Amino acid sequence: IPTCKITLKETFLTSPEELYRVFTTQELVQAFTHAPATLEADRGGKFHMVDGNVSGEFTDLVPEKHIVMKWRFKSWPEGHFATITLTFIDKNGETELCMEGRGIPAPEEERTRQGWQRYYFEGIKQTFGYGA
């Protein structure tokens, strides 16, 4: 499988604590995805979202600071996971979120960029009121 790396950065009008909670609380994920979610907020914990179209495992969870996860869309080759790193930086009580995605199937680059930039980032901002 040819793969690609993406890097996204986005600033949210909330604190790192509140943004980290949004990414790691099953009921908050259900809210901004408009779908049932299962999320085990533990190192080794599994997550399943959006009718199983997104799933994976958390591999590193440092509250308010970073999340590392194995992450996939359901249509990817079975057992193929991207590694997604989320880093939370306090900038004047706003949060600069840095997303790095490695191991994304190359044909799926634009779908995955849209998934993070539009669905996660704009969905979180619209659901919780964290700025434009």
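Heads up: residue numbers just count along the shown sequence, starting at 1.
The PDB entry reports B-factors from which the mean C-alpha value can be compared for 49 to 57 and 79 to 87; the larger average falls on 49 to 57. Averaged over their C-alpha atoms, the temperature factors of 95 to 103 and 62 to 70 are higher for 62 to 70. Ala35: CA B factor in the highest third of modelled residues in this chain (values from the PDB entry).
Among the modelled residues of its chain, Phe12 has a C-alpha B-factor that falls in the lowest third, as given in the PDB entry.
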